[PDB]
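Participant:
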Amino acid sequence: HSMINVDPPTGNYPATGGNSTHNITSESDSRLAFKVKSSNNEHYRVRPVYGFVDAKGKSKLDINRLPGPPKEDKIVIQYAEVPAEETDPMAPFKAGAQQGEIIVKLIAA
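Next comes the structure, spelled out in structure tokens:
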């Protein structure tokens, strides 16, 4: 199942501004590439957008809440298995190779 987990699986912020760090951890014995789709690229600033997570490893995600209205938004992390050989984290996505997605909720209130 999945093959990636996000810690925490939600980011809860103060409407006027916030922040939270997330741990994307791998469960495959293969390397992964991840793509981050953001719903609100205007109150939220997530980093990186693309990236690798070594096999059975860990990679961080930086979401940054900026002043805005109290509402809920989401981030969808898509992943894909990649040979050690793969340079670009975008290659398996420009390819249509997403193998799964996790939805991180972003509640600003």
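Residue numbers (the authors' numbering): 98 to 206.
For every residue, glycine included, the Cβ atom is placed at its ideal position computed from N, Cα and C.
Going by DSSP, name the residue or residues bridged to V201.
Facilitator: If you number the sequence shown from 1, residue 201 lands on position 104. According to DSSP, which records beta bridges pairwise, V201 is partnered with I172.
Participant: Between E178, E183, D170, which lies nearest to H140 when the distance is taken from Cα to Cα?
Facilitator: Here residue 140 refers to the residue found at position 43 of the sequence shown. It is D170 whose Cα lies nearest to the Cα of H140.
Participant: What residues in its chain sit with their C-beta under 6 angstroms from that of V150, if we drop five residues either side in the sequence?
Facilitator: Numbered from 1 along the sequence shown, position 53 holds the residue referred to as residue 150. Excluding positions up to five away in sequence, the list reads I121, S123, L129, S156.
Participant: For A130, which residues does DSSP report across the bridge?
Facilitator: Reading the sequence shown from its first residue, position 33 is the one you call residue 130. Answer is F149, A177.
Participant: Apart from the five residues just before and just after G154, which ones in its own chain have a Cβ nearer than 8 angstroms to its Cβ?
Facilitator: Against the sequence shown, residue 154 aligns to sequence position 57. So the qualifying residues of the chain are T122, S123.
Participant: Assign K132 to one of two classes, buried (16 or more other C-beta atoms within 10 Å of its C-beta) or exposed (fewer than that).
Facilitator: Counting from one through the sequence shown, the residue named residue 132 turns up at place 35. Counting Cβ neighbours within 10 Å, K132 comes out buried, since at least 16 surround it.
Participant: Give me whichever residues DSSP pairs with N102 in a beta bridge.
Facilitator: The residue you call residue 102 lines up with position 5 of the sequence shown. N102 is bridged to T122.
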